[PDB]
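Colleague: just coords:
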């Protein structure tokens, strides 16, 4: 089980950015690109709701650093109480786990493409 | 919180500004290879 | 402490294209140079 | 020629001024064969042939504009 | 003798390519190198597709 409303992507984003400081090396910029990509989904929810993606993402990142509660997320319905426990929003974990696997494993094949041969119809 | 204030309309300028930046960065990529003492000449 | 400050963070990173291009045209790794650029330019005021 | 640089001082040197004879298929002295070329012809040729190669190696991208 | 044209007999049927000269075997070398150009970046675990 997981809780939706953008609370899953924000929780997994800060965990990747924290490892980038410990690893450093040439892959330090790789974890930064994956952390900024997870925050796009919460920022996309603020675009359709007419909110500020900068002010919304900054609140979620500051909440996970102050407290360990991962249930805070974006509210597109504007009912308040950013805690997902009171809003009852629930998502399957098997659904969110495939979103990362299908996106990461597909980009791995796309970045390997060099010569593109397209025949005429 | 939503449904109030204002809603953005005529979003084509948002796409026009993106089309102008992408087209401008494409021109800056060809001249980028000529920067610095290691740059190369461009025959036109 | 403002949205104008968040834009200035991208303004400083946009100027890094000039030293990055110098490394790419010379075959050297850009990150390996910039890693040495950030460390040397902290103590040194200029000429680095 | 490889033994000319290592020919070393002491004319007895020799090993130099030898070239190909295409008619007889042998290597003979070009001085006795009567084949000589001006020295300035070698200086202006190597400098002019290099400038043609330098300008080509420096062209990264060719842009061809169609006539109007 | 059957006509004033008197065509000249060609040894090979029309449409046949030519050969010998200089560079005929070189044409076969450049054909394999160009095919090699695509397979070179695909070599190695860091290679492309």
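Modeller: It's in. Numbering: from 1, shown residues only, chains lettered A, B, ... in the order given.

Colleague: Contact residues of chain B facing chain E?
Modeller: Along chain B, not a single residue is adjacent to chain E under the rule C-beta under 8 Å from any C-beta of the partner chain. Every residue, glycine included, has its C-beta placed from N, CA and C.

Colleague: of all of chain B, which residue lies closest to chain A?
Modeller: Using C-beta to the nearest C-beta, the point where chain B gets nearest to chain A is residue B:1, with a distance of 3.8 Å.

Colleague: Does that residue touch residue A:55 like I think?
Modeller: No. If you go by C-beta atoms under 8 Å, residue B:1 and residue A:55 don't touch, sitting 11.4 Å apart.

Colleague: which of those two has more neighbours?
Modeller: For residue B:1 and residue A:55, the more surrounded residue by other C-beta atoms under 10 Å in any protein chain shown is residue B:1, and the numbers stand at 13 against 10.

Colleague: OK, contacts around the closest residue to the more buried one other than its chain neighbours?
Modeller: Of all residues not flanking residue B:1 in the chain, residue A:78 sits nearest, at 3.8 Å (C-beta to C-beta, 6 or more residues apart in numbering or on different chains). By C-beta atoms under 8 Å, 6 or more residues apart in numbering or on different chains, the residues touching residue A:78 are A:49, B:1-3.

Colleague: now swap in residue E:48 and tell me
Modeller: With C-beta under 8 Å, 6+ apart as the criterion, the residues that contact residue E:48 are A:112-115, E:41-42.

Colleague: Out of the residues you listed, which comes closest to chain B?
Modeller: Relative to chain B, and with distances defined as C-beta to the nearest C-beta, the nearest of the contacts of residue E:48 is residue A:114, at 17.4 Å.

Colleague: Count the residues that sit near that closest one.
Modeller: Residue crowding around residue A:114 was assessed by other C-beta under 10 Å; the count is 11.

Colleague: Leaving out sequence neighbours, find the closest residue to it.
Modeller: Counting by C-beta to C-beta, 6+ apart, the nearest residue to residue A:114 once its immediate chain neighbours are dropped is residue E:48, at 3.7 Å.

Colleague: swap in residue A:14?
Modeller: residue A:64 (5.5 Å).

Colleague: Am I right that the one you found is in a helix?
Modeller: Yes. Residue assignment for residue A:64, taken from DSSP: H, G, I helix; E, B strand; the rest coil, places it within a helix.

Colleague: Give me the phi and psi angles of the one residue sitting closest to the centre of chain A.
Modeller: Nearest to the centroid of the C-alpha atoms of chain A, with distances taken as C-alpha atoms, centre = their mean, sits residue A:38, at 2.4 Å. In terms of degrees, to the nearest 10, the main-chain angles of residue A:38 are phi -70, psi -30.

Colleague: if we can go back for a sec, how about the residue nearest to residue A:14, what does it touch?
Modeller: Remark: with contacts taken as C-beta under 8 Å, 6+ apart, residue A:64 is in contact with A:10-11, A:14, A:70, A:72.

Colleague: The same query, at a cut-off of 10 Å, please.
Modeller: For residue A:64, the contacting residues are A:7, A:10-11, A:13-15, A:70, A:72, taking C-beta atoms under 10 Å, 6 or more residues apart in numbering or on different chains as the criterion.

Colleague: And residue E:41, by the same measure?
Modeller: In this structure, residue E:41 makes contact with A:114-115, E:47-49, judged by C-beta under 10 Å, 6+ apart.

Colleague: Which members of those are the farthest-apart pair?
Modeller: The span of those, defined through C-beta to C-beta, is set by A:115 and E:47 at 11.7 Å.

Colleague: Need the residues touching each of the two.
Modeller: E:39, E:41.

Colleague: any idea how far the spatially most central residue of chain C is from chain D?
Modeller: When chain C is reduced to its mean C-alpha position, the closest residue under C-alpha atoms, centre = their mean turns out to be residue C:16, at 3.9 Å. The gap separating residue C:16 from chain D is 23 Å, by C-beta to the nearest C-beta, to the nearest Å.
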